[PDB]
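See structure below.
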Amino acid sequence: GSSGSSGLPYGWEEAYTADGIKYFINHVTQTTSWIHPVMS
């Protein structure tokens with residue numbers, strides 16, 4: 001799988017904090033969680 005991270009499902013959005021860490025947040029559910037919602 002050439003790619004892995006890039007390619008999240010419609011609705012989710014991976015952002016970063018002022019420190020650098022990365023987290024996953026949804027817009028439809030407006031929920032903050034740390035995971036990789038992706039299936040191959």
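In the structure tokens, chains take letters A, B, ... by order of appearance, with residues numbered from 1 within each chain and ligands from 1 in the order shown.
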
(request) Considering only C-alpha atoms, return as a list in words whatever protein or nucleic-acid residues lie within 10 Å of residue 36 in chain A, sequence-local ones (same chain, fewer than 4 positions apart) excluded. (result)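 Skipping anything fewer than 4 positions along the chain leaves residues 4, 5, 7, 8, 9, 12, 14, 23 and 24 of chain A.
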
(request) Would you mind writing down, as a PyMOL selection string, each residue of chain A that DSSP on the backbone assigns to strand (DSSP E or B)? (result) chain A and resi 10+12-16+22-26+32-33

Keeping only C-alpha atoms, write the selected residues to a file as a PDB file, in the first residue's frame.
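Output contents, as saved in part_22.pdb:
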ATOM      1  CA  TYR A  10     -15.399  11.812   4.105  1.00  0.00           C
ATOM      2  CA  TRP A  12     -13.055  13.046   9.325  1.00  0.00           C
ATOM      3  CA  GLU A  13     -10.136  15.481   9.462  1.00  0.00           C
ATOM      4  CA  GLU A  14      -6.622  14.956  10.819  1.00  0.00           C
ATOM      5  CA  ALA A  15      -5.132  18.094  12.369  1.00  0.00           C
ATOM      6  CA  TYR A  16      -2.185  18.999  14.595  1.00  0.00           C
ATOM      7  CA  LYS A  22      -1.818  14.817  15.418  1.00  0.00           C
ATOM      8  CA  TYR A  23      -5.434  13.910  16.171  1.00  0.00           C
ATOM      9  CA  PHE A  24      -8.558  12.863  14.272  1.00  0.00           C
ATOM     10  CA  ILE A  25     -11.706  14.988  14.468  1.00  0.00           C
ATOM     11  CA  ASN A  26     -15.084  14.591  12.765  1.00  0.00           C
ATOM     12  CA  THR A  32     -12.311  14.367  18.945  1.00  0.00           C
ATOM     13  CA  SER A  33     -10.525  11.009  18.891  1.00  0.00           C
TER      14      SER A  33
END

(request) Could you jot down the CA of residue 19 in chain A to CA of residue 34 in chain A separation for me, Å, one decimal place? (result) 15.5 Å
